[PDB]
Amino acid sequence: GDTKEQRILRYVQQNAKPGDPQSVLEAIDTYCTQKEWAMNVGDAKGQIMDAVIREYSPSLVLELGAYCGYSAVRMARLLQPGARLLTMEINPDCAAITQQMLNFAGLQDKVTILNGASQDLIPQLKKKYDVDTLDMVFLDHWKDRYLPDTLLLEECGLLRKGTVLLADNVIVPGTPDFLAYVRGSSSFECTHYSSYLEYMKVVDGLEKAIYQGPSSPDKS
């Protein structure tokens, strides 16, 4: 039984070149803009992601919401040797697509795919995936989970001063609880990157929130 996600993967395999992540990105963006809409960061937002990756040169990245693997390919292709992407995907079939997408792109050695819910997997990272702290987190999963998973990352000790969080769709459909919290909290230094939705003629944006450390207890 044919699914949209299988169709995306098929289009890449036919038209992109194996071992060429850039051709894979172009294939998906072409498919989604010309053939069939799909939840896709798209190339405009993708360039903001690229710039963030290049600026901070993360050695360990956590992605929430891999879907078909476009963002995983986008980020992993800019990771240095020894750098790692951990990506989480709650749907088993999408997780399988993401693995095949990364395999095709030649990036499978840089990426660990975890199939499960963010709130179940995030607390296992220190013990099971030998994580200390994360250099960067990309949020693009269920929008009502941005705030609680950010709070969970903090309390699990996975954030350090300087950790970049980059969150997509903070305007459309919107994550106002997440935005209120990080912008108002002194634990996060925030900036907003506006970008037009490729399909919709509505303005969206990514929020970049840089962790400053835990807030200090009240003194004497």
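Throughout, we count residues from 1 along the sequence that is shown.
- Stretch comparison (7-15 versus 195-203) by mean CA B-factor in the PDB entry places 195-203 on top.
- When 180-188 is weighed against 58-66, 180-188 comes out higher, by mean CA B-factor as recorded in the entry.
- Of the candidates 156, 167, 48, 28, the deposited coordinates give 48 the top C-alpha B factor.
- When the C-alpha B factors of 80, 91, 150, 100 are read from the deposited coordinates, the top value falls at 80.
- Ranked by Cα temperature factor within the chain, residue 132 sits in the highest third according to the deposited record.
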